[PDB]
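Shown next as structure tokens: one chain only, the form deposited without glutathione.
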């Protein structure tokens, strides 16, 4: 379809070295097929040069037929060496084209919006990429490894047999290849029915056996040894009844394939003998006809798979190129400006309205003011709508109505990358790349050296815990590493923040850890690291007891700012710490 040229005119044809490799693959393709059709011709020449009155004229090989004897083996060797070098070069070409496709698709996935990523499965996108690149690999491989050389060799052989002998030899060769392909496609489609029935019956036998060994106590309490042997025996008999159909249909497939080529090769020597006995041909030309058509019968192994897999591959390929058609909803405005970072960072929510499932809002005409360089908190019940305060300022979502200003300039007007540089956030559930702790600290600023990592873990007070780990700072952590508690991960995220050094700070739900002592330690550490650098630091907390010491605390009853004040004047509200 469009997908064919969308790949085949973009990815293999881009730079001169890769174009040279594509041309090398094609030249090896054509040279291999030329040498392939020269093997029977040189065998014809051997047969016809020694077919002399031996006792009278010919004296020695290497004067009678040595050159064509060497050229036969050389064409034979070169015909396969060109195939294998064509495959080895186009495997490289296909792999680099696929790497370009995969890394471009992956970059496009990374600049998509948060809404897209949250409405897809974790492995749905990655398996889409993987199946798409294996589909591109199969398509490009099956064209150049199998289908183009085979169609080309049928063309060469029908052309040779029409040039030398007559169009009926080419007609029989073309009819033979059409019949062989039709037979193989049809029969291989029917055989899959039989193979699936065999797998079903095999799994039934195995499930009878395993279900009888699991419930072995019940088997022997009720005396059903012979009954379970009988059930296993019947399930195995049903398996062998289907394995017969698999084996018999395989016999039918292979027998029919060689019946087709053997009928062709016998009809063509009857026709070649009609021409030898008419004086037209020689007895070497019978060998030429025989070996040309036989060499067509060799590369045809692929024909069973091809019709299913190519079709599937285009399906798998389509979705991959669908992932590059999704548009990003978060649009950087034209002529953006990286600005408001030297100015004191103040965050002004002007009548913002936002909520997932836009008929159900979360924030209702919300307006608030975060002063420059101050310690501000938002407080409220869990699920009251404070968790989105991040996702609006970070511009991972747009407010459906209203505006958000960083220092009297709108966040939809600045460069998105400038804003995302500006904000540094401590997430509720700190994620772990399954890599070293040293790199997990580095992730805040990947250009930071080892000593900067060490200083950042000092200021977040992690160094003692990473030294106490066995391997040191190389301690592998994550899903397949040393599991660490929530306080250690929260310190890990605080250190990432320390290393990024952003002007604006968030601490969205960093107190989600259970233990109060560790969150007090976390609160202390973030209190020093916020202090004395003019870092405008917002905290989203579900416990105002932990965040009472903020310079300004605002409270949030379902999408509206209610009041603004201090510790004691806001613990007139409920959720008090008296029950703790």
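So that the term is clear: the rigid core is the largest set of C-alpha atoms that superpose within 1.5 Å between two forms. Numbering follows the first chain given and starts at 1.
Same protein, other form: the form deposited with glutathione bound, not shown, and the subject of what follows.
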Original post:
What is the one choice in 284, 503, 275, 304 with a heavy atom within 4.5 Å of glutathione in the entry with it bound?
Top reply: 304
**OP:** Would you mind picking the one in 137, 319, 257, 445 that has a heavy atom within 4.5 Å of glutathione in the entry with it bound?
**Re:** 257
Subject >> glutathione contact in the entry with it bound: residue 210, any heavy atom under 4.5 Å >> reply: no
**OP:** With heavy atoms only and a cut-off of 4.5 Å, decide whether residue 253 touches glutathione in the entry with it bound.
**Re:** yes
**OP:** Could you confirm whether residue 99 comes within 4.5 Å of glutathione in the entry with it bound, counting heavy atoms only?
**Re:** no
**OP:** Give a yes or no for residue 195: in the entry with it bound, does one of its heavy atoms lie within 4.5 Å of a heavy atom belonging to glutathione?
**Re:** yes
Original post:
Among 72-80, 100-108, 295-303, 332-340, which stretch has residues whose heavy atoms lie within 4.5 Å of glutathione in the entry with it bound?
Top reply: 295-303
**OP:** Tell which of 276, 448, 330, 484, after superposing on the rigid core, has its C-alpha displaced by 2 Å or more between this form and the one not shown, please.
**Re:** 276
**OP:** Once the core is aligned, please say if the CA of residue 500 is shifted by at least 2 angstroms between this form and the one not shown.
**Re:** no
**OP:** With both forms fitted on the core, give yes or no for whether the Cα of residue 217 moves by 2 angstroms or more between this form and the one not shown.
**Re:** yes
**OP:** Note yes or no: does the Cα of residue 520 move by 2 Å or more between this form and the one not shown after the core is superposed?
**Re:** no
**OP:** Looking in the entry with it bound, decide if the C-alpha atoms of residue 374 and residue 575 are closer or farther than in the form shown; they differ by 3 Å or more.
**Re:** closer
Subject >> Shift in CA distance, residue 148 and residue 9, in the entry with it bound relative to the form shown here, given it is 3 Å or more >> reply: closer
